[PDB]
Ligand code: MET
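In the block that follows, a single chain appears as structure tokens, in the form solved without the ligand.
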């Protein structure tokens, strides 16, 4: 089971439950078609069960680590949180696993629709590259999740807009001509 809302027919007001009239919850299967993948494992069962590593092999993930979010335990909160706070696009994939804490991930559909997805402990989520997304969890102001990336940590130093790069940007222009 996955927790998410189809705000496509719901009011932008965050305070509201975003329950359309009639109301309709996100379709887990619908998102999978969108290219969204999620792993259900117990953080405690993750380390005790390298099986999660097996999933990495399928997604070609050689680098993995455990990251926790906290103002006091996460120096550089303003820039770090603001950097991923804004929605951006790029040719890189997004793999996040919530070992602990509560939060939600922002995803976009090809139909130009936005869905609010809630991330729970033990629930992992993957966002295909080339799709806009926004990660937030300020509601709890304390979330612990693992991140899986391939190659050198690009996030360490990256440009907001993916198109910013001629090679990673100019290439995108070719798609427009398609």
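Numbering follows the first chain given and starts at 1.
There is also a form deposited with the ligand bound; it is not shown, and the following applies to it.
- Contact annotation: of the candidates 114, 38, 135, 142, the single residue with a non-hydrogen atom within 4.5 angstroms of the ligand in the deposited complex is 135.
- Not displayed here, the ligand is kept clear of residue 77 by more than 4.5 Å at the level of heavy atoms in the deposited complex.
- In the deposited complex, residue 108 stays away from the ligand, with no heavy atom inside 4.5 Å.
- Residue contact check for residue 83: one or more of its heavy atoms lie within 4.5 Å of the ligand in the deposited complex.
- In the deposited complex, no heavy atom of residue 71 sits within 4.5 Å of the ligand.
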